[PDB]
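Q: Mind looking over this structure? Questions follow.
2 protein chains.
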Amino acid sequence: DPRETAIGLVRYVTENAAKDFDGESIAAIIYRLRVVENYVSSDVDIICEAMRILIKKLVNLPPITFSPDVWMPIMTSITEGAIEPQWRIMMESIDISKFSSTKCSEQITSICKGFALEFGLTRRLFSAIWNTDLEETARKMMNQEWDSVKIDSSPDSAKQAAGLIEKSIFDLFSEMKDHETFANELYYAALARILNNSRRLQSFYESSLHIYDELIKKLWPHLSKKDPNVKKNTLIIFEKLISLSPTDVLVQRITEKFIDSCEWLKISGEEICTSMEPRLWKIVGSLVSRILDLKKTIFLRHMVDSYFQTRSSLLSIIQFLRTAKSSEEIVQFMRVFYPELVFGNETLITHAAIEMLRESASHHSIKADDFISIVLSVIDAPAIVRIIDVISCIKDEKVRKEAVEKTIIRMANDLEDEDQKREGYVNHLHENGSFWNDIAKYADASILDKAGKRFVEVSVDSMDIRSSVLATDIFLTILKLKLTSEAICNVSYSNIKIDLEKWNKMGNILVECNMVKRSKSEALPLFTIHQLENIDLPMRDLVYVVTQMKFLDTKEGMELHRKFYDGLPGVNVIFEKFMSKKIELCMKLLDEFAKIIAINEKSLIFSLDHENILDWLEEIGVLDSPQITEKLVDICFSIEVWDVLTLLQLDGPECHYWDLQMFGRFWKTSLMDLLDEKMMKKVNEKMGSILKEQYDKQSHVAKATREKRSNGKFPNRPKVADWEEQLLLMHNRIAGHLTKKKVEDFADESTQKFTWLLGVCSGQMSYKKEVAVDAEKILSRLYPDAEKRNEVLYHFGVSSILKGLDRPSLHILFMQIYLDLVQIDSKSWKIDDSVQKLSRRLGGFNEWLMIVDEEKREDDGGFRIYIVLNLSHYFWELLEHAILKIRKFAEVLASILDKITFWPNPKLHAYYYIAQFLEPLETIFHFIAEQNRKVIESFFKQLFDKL
Amino acid sequence: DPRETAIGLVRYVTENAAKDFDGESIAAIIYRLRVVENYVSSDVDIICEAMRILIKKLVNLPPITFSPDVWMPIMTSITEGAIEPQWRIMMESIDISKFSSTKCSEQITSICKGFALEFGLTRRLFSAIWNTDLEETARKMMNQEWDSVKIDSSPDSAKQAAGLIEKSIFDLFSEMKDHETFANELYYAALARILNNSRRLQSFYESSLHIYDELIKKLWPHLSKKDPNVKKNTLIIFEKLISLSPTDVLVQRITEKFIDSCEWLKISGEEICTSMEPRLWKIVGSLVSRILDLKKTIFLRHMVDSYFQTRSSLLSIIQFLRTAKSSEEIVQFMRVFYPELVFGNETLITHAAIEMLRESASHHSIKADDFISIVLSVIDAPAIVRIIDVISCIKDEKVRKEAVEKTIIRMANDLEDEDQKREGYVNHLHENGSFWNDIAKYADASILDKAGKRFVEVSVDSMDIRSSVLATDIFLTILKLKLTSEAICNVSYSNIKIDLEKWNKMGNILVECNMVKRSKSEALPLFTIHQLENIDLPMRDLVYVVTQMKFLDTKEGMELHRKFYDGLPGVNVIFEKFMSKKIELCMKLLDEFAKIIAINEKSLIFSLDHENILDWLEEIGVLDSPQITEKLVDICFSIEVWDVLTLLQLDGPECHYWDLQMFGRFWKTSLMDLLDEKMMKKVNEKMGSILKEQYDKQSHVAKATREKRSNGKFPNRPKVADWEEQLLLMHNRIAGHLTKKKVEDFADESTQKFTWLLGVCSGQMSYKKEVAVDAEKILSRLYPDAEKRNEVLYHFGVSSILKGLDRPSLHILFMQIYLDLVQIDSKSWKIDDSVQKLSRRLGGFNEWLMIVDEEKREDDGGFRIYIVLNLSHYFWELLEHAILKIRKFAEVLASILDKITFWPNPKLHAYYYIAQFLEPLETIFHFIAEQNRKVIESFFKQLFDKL
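From first to last, the protein sequence lines stand for chains A and B.
Residues 2 to 101, 117 to 218, 229 to 324, 364 to 552, 561 to 654, 657 to 883, 890 to 961, 972 to 1018, 1021 to 1040 (PDB author numbering) are what the first sequence spells out, left to right.
Residues 2 to 101, 117 to 218, 229 to 324, 364 to 552, 561 to 654, 657 to 883, 890 to 961, 972 to 1018, 1021 to 1040 (PDB author numbering) are what the second sequence spells out, left to right.
This is the structure:
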């Protein structure tokens, strides 16, 4: 029975407790009293005193008594009661004849655990497995003795230690003997393991660092209690362990280990930095090289993970270089590694380096040469956005000023060599307001003056419109830059020392900067002397002057113009001559606006609030000026023809102004109340055919655009966009300036405004019913009688039709409908009518055919003879109410006959129409010949002279 | 920023460390310095001194400062740093204006854990949640103060305690202040919880017992260090807690709890038993009632589990009643609960109760009345197999003797009332040898004598053969029972005092016991005086005497027969008269064996080794006796007819011995070498027809058995079983006893052995070729000449055929073949033959027809006249070599004629055959009539007298 044998062995131990036994026998006794599992509660006490005696004897054994694989199972059995099988294999071979409920067993195990805790077996086990004496190695590395290292640092022993560290006996670390000293010697033995494995290698370090990390994690609360020199010892042990590292990966891992250590042992950055600055610089260089390589590159997922770790390592060491006293070290760091560090697109580390630079500057005055070197090296790099940080790092006012001027010169040079990348960087740098706030609270006045001068120089030297525009805008901002110390004019023209002719070029750039790029509030209107001295300006600065001439009215504008243009002779005379009644400027601006509306061309005036253009002329106060209103009606006329080109779906300036004007006067006006439906059919068909012929004459892109725009063919109006609504709105508003008193302004018959009024009275489409009724009322004021009111309206319509045919598919149609409206009218003639009234109904017929001039004869297509022959031919056909019509026409022809002679041009078939004159003379001689004789003879004489 | 506010609060604490603050403010400060997570390694020291100050102040707070649900999260935060959300909800409502890496946080948490360990916050938390002072309740139950209990024992507080017990602060139980005292007060507070929840209830106890078990599991190593009175306090606390339990389930659970406790606190059975015997008895009664109910019965799987537990509870408490000093208690336990405990079919608990009974008997002398009461109560129960255990428990020799005699009387009474169950129990009890070894080493001689007397009484009084057989066998065993003290005759006939006529009946029971039940070695042959005085015995004890008469030859048998039959007059005369030449016993035994082989009946002689029966007669020495050999040949003859009944597939004694005997002599013997193939066909067909007629006359079971046995019909032999091989083997062996000298024994012609020898010489099938050639050689010795050798063989065959037809479908066939063999033979007759030789060839013809007796005439079927008429008829047909045949037959008939007159019986058609006599007389008178005249006249005179 095993229990009896165990009892006998226990008795043998109790009576032989003062004797010394070989370790093998002790191990055999231990094994045999563990393997028994049928113990009783009665004999537990004697056996526990037995095994405390055995454990006390075992601790006294020399370390070389057993091997680690035999040391392991005995501890297993005496701590948790687990029995390893190969252990029982080895132990059953030992003879012991010379020495001869599970609750009892677990009580025995726990009591043995308590006794093993009291007698401190863990230290003995560690010393045995590691083949070293922990106290001796701890003492020797207290004394820095590294050439006499005697310890096993094999990976499997590290595995065994790690497999130890997790049981519960270490949960009670503050209960074993000299637990602080034992803790210290464990820490130093782990450090000596790292040292041994580092020295041997002169996968290889993973287990060592792992077991060291586990040891420090379990041991931090007790290392700092007894020995206050632990921190310094860790500092020296690593100040070698770093220096013995061959490769950079090793270095970064172990520096991570001491980042951890300084975290555990509560070591602030100041002490470590002041005691390890020399090696730290090398370590920093190697690790930052690793960061650079890993950023360049940025089982294959590790390439990011390690990246993060290494970066965090920097984040720690820079935080340990927070109070780095060596200014030279941090200066050379900024000079060499900071550029690429910024290039790594990492902000935290740069950010901290910046603050430690500012702290080093506050505590110590670094040489200006060093700081200008680092600034230029940063200026050299295409990173010019963060430079302001190191500019704020400049604690010297003079250095700050010189650094700012060097940086501005550098960006000027960057814009000079014309590389897109640098230009983009400069644009981003000038997109923030904190930069300019810092520039204001750093730089002084002279810096602003030189910046303005150089910057106007680059603006005038820049051919690229974008670069010049940016230059002018930022020049405007630096002109209005408020200095904090001085808290405004910052650049004067005299200091620029530039020729005036090139300063004249800046006007367009100023237009672009002040209305295109900038908003209304931040717009800073300025005018170069080319504008202030001339009226013959392009519409760009014409619009500029018209819309920012209110800015000179304010005292601020006049003041800054005077102070900026100070030193230039005659400036006062210029100012008074533009304050003087600019009226010609208004005329030319409105003329250009008229012709630009006449050609269907896009202009930036449309983007402005032109709908209240009448308000604009009210701001200056020339709304009462009469010479403007003429031009005003011109505007109206032109917008009218624009509307026509909108309705025709024609677009483009392929036809002259008068053609489309007379086509506009050709519309729904009461002139076509008299016409019949067959007439409409023929005119619409011919208009559609000629419009289609024009359409297929165009290109494919224009046809696609017109098809997209047009929802329906003639006469349906195409789709309406937005801008035409604005144009129409301001067009109808003109009436605000058309009041012009009661009747006296329009009483002059021979005025363009009178022609406009006659046009608007009857049927102009683009004008709304309110304007139409106002025009009708004012015409009622002019002509109280309605008979003359309609007579003059009809005469105006026909006369406009006739005059429009002077400067040449549409002319022939107009010929046709002129004939046709005459045919319609002829039914309404009275027998008692006069020849002058008939000529008036025919238009300006008498005055039209009496214009005998060389120019009128020149290049005429014979429209006059063509008309005369056409009506004469139709009346001749009728002759071969009707009698009254023929008689009145014959009266008219007899009255006019003596004038038609001068007209026959010598280029057209003059003789053919001379012969064709036979019908009119026949209808005259049917009755009239007796009263009109001299005319007849003179007519014949010039006719024969023509031969 | 929370960190600045926490720093300010920490400063406020440091300058106000000597002031007292309300607990709410302290909790708010704790919460706010926990919630901060951006701490620095620099300020860790000041904050840890801050919270040690706060914890020291908090410990000083009165227990009613907070509620448990507020006490919980603060401990959570200060031990593991986990923050409960509702806690932050409650704490954020407190204003603190008047007081104004995660590695740092975890260091803070671990340092706070260490400080909380040092200041012992766990005791304060327990006192707060349980609304009690642990020291006061521990002291009061040291002083046994139960009427002033003030504690909360709610289930949720138990849940909270259990949820506490598992963190790591309790891993260091030996580090908090007064950890032994705190351990004691925890144990006593848990006990007071059980007490409170037991008293309140005057599901309800599960959490309390669970938390108590967890507490004792974590707290056992420290409860016995300081206070040595813990064991007694647990004893009293349970000596009430058991006594206050209303139901038995509660009782069994809590007694399990103290089985556990005595296991943990190292309390041996002796102390607990001597201090708690009164209540333990009640507890034992209740739990054993539970075991009885659960055995009777033996989510529904629990009915077994609890069962086991409760049984284990008994296994513990009985082991704590090991040294129960009260003999009355254990005696009454055995008297009342032990029977049903045995009935529970559980052996461990009974087993231990038995040993504790023996220990109580060794230490203390229990009254004999108690032990006889418990024995009779066990004897009363049908469990009489284990009684021997309590008989060995009897330490008193006189009591042991009286208990043994009471038990034997009890089993005698059990066998008397004739209930099968009790008989089976007695048989099982007598099936073991340890029981009889114990009976021998316990009882004395007089016990054996009275057992033998009563047991012979029951054997002779038992009508059941099985009960009597068991009685006789066990009487034999108790007769040979060796007593250890006396170390053999144990029962004598005189003491039995039984009448001799009933003792004569025991013979058959002795046969059954000594050859059927018992083996050869343990067979104990005995013979009742009925056998020793008589020869007219049934074959049972005949076989017994023949096979165990060797047992008297040994001195042992004679000695035990004399000493057992001592006191009976004339025993010596009986012994000498059976030692005297038993020869008649042999004759009668062999006669019975012969007739039993003749009827195909199963007998147990077959199971014996009868194959060496010749050896048996050699053992006695009567193998030389001549009067046996006659009977021997009888045996042979009978086995022969048995073989015939085997070959015929007939079986059963439906035909007489002589019929089958003459059919056996009818077989392949040389008598049928003379017969031809048509004769074989007719005889085989008729035999098959009559055999089938016999077959379908039988029943279905016999036909099924015969069909299974017979693999083929006639003449193919059926399948051969085993026993016939044995019978045939001993049959052939007879020859060993047939040597009988050279020629002188068989020289007597008129002997049965001579008939057997004549039969074996020619053709008996069952005898092998060795016996056949031996018989031929011995017949060559008897008859050197071969002519007489074949003549007598032929005469024997025909004479056996004729004699077999005297005591009547097979007879008519025999008639036919007798005629037919005569026809065959008649061709071999010489002209010079004599009438006597011809009669010899015809068989015993002359001697056969001359037997004139009243018995021969009586009931004769007229076979003689039938034969005479049949051959006379065939020879008459031939008459109407042939002449020689007719002449020889006529000579024979003339010689015999004067004798055939006497035979005609008066029951059969006598006159018809008298008339049919005309053919023989005709063939006689064809020639012979002159030499035979007086015969003719006498024949005619008796013929006429017959009329």
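For every residue, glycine included, the Cβ atom is placed at its ideal position computed from N, Cα and C.
(1) Just checking my contact of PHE230 of chain A with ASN212 of chain A at CB under 8 Å: how many whole Å lie between their CB atoms?
(2) Under 6 Å Cβ to Cβ from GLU85 of chain A, same chain only, skipping five residues before and after it: list those, please.
(3) Judging by CA-CA distance, which residue of A:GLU961, A:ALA18, A:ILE539, A:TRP72 is the nearest neighbour of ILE48 of chain A?
(4) On a Cα-Cα basis, can you pick out the residue from B:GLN621, B:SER550, B:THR601 that is closest to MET588 of chain B?
(5) Please confirm whether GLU134 of chain B has its beta-carbon closer than 8 Å to some beta-carbon of chain A.
(6) Identify the continuous alpha helix (DSSP H) that holds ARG531 of chain A and give its terminal residues.
(7) Could you work out which residues of chain D lie near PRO74 of chain B, taking near to mean beta carbons separated by less than 7 Å?
(8) Just to make sure I have the definition right: I need the residues of chain B whose C-beta is within less than 9 Å of the C-beta of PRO247 of chain A. Which are they?
(9) Under three-state DSSP, which class holds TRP162 of chain B?
(10) I need the DSSP call for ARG366 of chain A, collapsed to helix, strand or coil.
(11) Contact between the segment 34-47 of chain B and the segment 119-136 of chain B is defined here as three or more beta-carbon pairs at a separation below 8 Å; is this criterion met?
(12) Under 9 Å, CB to CB, which of the residues in the segment 167-201 of chain B have a partner in chain A?
(13) Smallest Cα separation from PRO171 of chain A: which of A:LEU188, A:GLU152, A:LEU960, A:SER233?
(14) Can you tell me which of the three DSSP states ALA177 of chain A falls into?
(15) Within the 8 Å Cβ cut-off, does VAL45 of chain A reach chain B?
(16) Identify, in the order they occur along the chain, each residue of the same chain with its Cβ nearer than 6 Å to the Cβ of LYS321 of chain B, setting aside the five sequence neighbours on each side.
(17) Tell me whether the segment 686-695 of chain A and the segment 735-754 of chain A touch, counting them as touching only if at least three CB pairs, one residue from each stretch, are closer than 8 Å.
(18) I'd like to know whether the C-beta of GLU289 of chain B is nearer than 8 Å to at least one C-beta of chain A.
(19) Name the residue from B:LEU365, B:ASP989, B:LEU999, B:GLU240 whose alpha carbon lies nearest to the alpha carbon of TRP290 of chain B.
(20) Of all the CB atoms in chain B, is at least one closer than 8 Å to the CB of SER42 of chain A?
(21) Three or more beta-carbon pairs under 8 Å between the segment 413-421 of chain B and the segment 383-392 of chain B, yes or no?
(22) Does any heavy atom of the ligand ATP sit closer than 7 Å to the C-beta of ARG216 of chain B?
(23) Taking the alpha-carbon positions, what's the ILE395 of chain B to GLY9 of chain A distance?
(24) Can you tell which of B:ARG519, B:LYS463, B:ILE453 has the C-alpha that lies nearest to the C-alpha of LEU480 of chain B?
(25) If you draw a straight line from the alpha carbon of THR830 of chain A to that of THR814 of chain A, how long is it in whole angstroms?
(26) From B:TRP501, B:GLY498, B:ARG531, pick the residue whose C-alpha is nearest to that of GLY489 of chain B; which is it?
(27) List the residues of chain A whose Cβ lies closer than 7 Å to the Cβ of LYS460 of chain B, in chain order.
(28) Mark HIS775 of chain B as exposed unless 16 or more other C-beta atoms lie within 10 angstroms of its C-beta, in which case mark it buried.
(29) What are the start and end residues of the alpha helix (DSSP H) that includes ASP503 of chain A?
(30) With a cut-off of 8 Å, does the C-beta of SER117 of chain B fall near any C-beta of chain A?
(31) Looking at C-alpha atoms only, which residue of B:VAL646, B:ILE710, B:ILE647 is the closest neighbour of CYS661 of chain B?
(32) So within the segment 379-465 of chain B, which uninterrupted alpha helix (DSSP H) runs reach at least 4 residues, ignoring any that extend past its ends?
(33) Look up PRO728 of chain A in the DSSP assignment and say whether it is helix, strand or coil.
A: Quick look at the numbers:
(1) As a position in the first sequence, residue 230 of chain A is number 204, starting the count at 1. As a position in the first sequence, residue 212 of chain A is number 196, starting the count at 1. Rounded, the Cβ-Cβ distance is 11 Å, inconsistent with contact.
(2) Working through the first sequence from its first residue, we reach residue 85 of chain A at position 84. Same-chain partners within the cutoff: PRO74.
(3) Your numbering for residue 48 of chain A matches position 47 in the first sequence. Minimum Cα distance to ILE48 of chain A is reached at A:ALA18.
(4) Within the second sequence, numbered from 1, the residue matching residue 588 of chain B stands at position 515. It is B:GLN621 whose Cα lies nearest to the Cα of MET588 of chain B.
(5) Along the second sequence, one-based indexing puts residue 134 of chain B at 118. No, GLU134 of chain B does not count as interfacial toward chain A.
(6) As a first step, residue 531 of chain A is located in the first sequence; it is residue number 466 there, counting from the start. 530-544 is the span of the alpha helix (DSSP H), which, as asked, contains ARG531 of chain A.
(7) Looking at the structure shown, chain D is missing, and the protein chains on hand are A and B.
(8) Locating residue 247 of chain A in the first sequence gives position 221, counting from the first residue. Under the 9 Å cutoff, chain B gives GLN123, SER126, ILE127, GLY130.
(9) Walking along the second sequence from the start, residue 162 of chain B turns up at place 146. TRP162 of chain B falls in the coil class under three-state DSSP.
(10) Indexing the first sequence from 1 puts residue 366 of chain A at position 301. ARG366 of chain A carries a coil assignment under DSSP once its states are collapsed to helix, strand and coil.
(11) yes
(12) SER184, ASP187, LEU188, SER190, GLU191
(13) For the purposes of this step, residue 171 of chain A is identified with residue 155 of the first sequence, where counting begins at 1. Distances from the CA of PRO171 of chain A to each of A:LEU188, A:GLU152, A:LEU960, A:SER233 were compared; the closest alpha carbon is that of A:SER233.
(14) Within the first sequence, residue 177 of chain A is the residue found at index 161, counting from 1. It is helical.
(15) Here residue 45 of chain A corresponds to residue number 44 of the first sequence, with the count starting at 1. It does: the Cβ of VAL45 of chain A has a partner Cβ on chain B nearer than 8 Å.
(16) One-based indexing of the second sequence puts residue 321 of chain B at position 295. Answer for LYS321 of chain B: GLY409, listed in chain order.
(17) no
(18) The residue labelled residue 289 of chain B in the question sits at position 263 within the second sequence. Yes, because at least one Cβ of chain A sits closer than 8 Å to the Cβ of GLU289 of chain B.
(19) Residue 290 of chain B sits at position 264 when you count from the first residue of the second sequence. Nearest of B:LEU365, B:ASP989, B:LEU999, B:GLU240 to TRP290 of chain B, Cα basis: B:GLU240.
(20) Numbered from 1 along the first sequence, position 41 holds the residue referred to as residue 42 of chain A. It does: the Cβ of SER42 of chain A has a partner Cβ on chain B nearer than 8 Å.
(21) yes
(22) Questions concerning the ligand ATP fall outside what the structure shown contains, since it holds no ligand whatsoever.
(23) Walking along the second sequence from the start, residue 395 of chain B turns up at place 330. Walking along the first sequence from the start, residue 9 of chain A turns up at place 8. Roughly 35 Å between the two C-alpha positions.
(24) Locating residue 480 of chain B in the second sequence gives position 415, counting from the first residue. The option with the nearest alpha carbon to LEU480 of chain B is B:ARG519.
(25) As a working note, residue 830 of chain A is residue 755 in the first sequence. As a working note, residue 814 of chain A is residue 739 in the first sequence. In a straight line, the C-alpha of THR830 of chain A is about 16 Å away from that of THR814 of chain A.
(26) On the second sequence, residue 489 of chain B is found 424 positions in, with the first residue counted as 1. Here the closest residue by C-alpha is B:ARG531.
(27) Sequence index remark: in the second sequence, residue 460 of chain B carries index 395 (1-based). By Cβ distance, chain A contributes nothing, its closest Cβ being about 26 Å from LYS460 of chain B, past 7 Å.
(28) As a working mapping, residue 775 of chain B is identified with position 700 in the second sequence. The residue in question, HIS775 of chain B, is exposed, as its Cβ has fewer than 16 Cβ neighbours within 10 Å.
(29) Counted from its first residue, the first sequence places residue 503 of chain A at position 438. Element bounds for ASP503 of chain A: 499-507.
(30) As a first step, residue 117 of chain B must be located in the second sequence, where it is residue number 101. By this cut-off, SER117 of chain B is an interface position.
(31) If you number the second sequence from 1, residue 661 of chain B lands on position 586. Taking only the C-alpha atoms, the option nearest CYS661 of chain B is B:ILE710.
(32) 392-408, 413-428, 433-445, 452-458
(33) Taking the first sequence and counting its residues from 1, one reaches residue 728 of chain A at position 653. Three-state DSSP puts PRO728 of chain A in coil, outside helix and strand.
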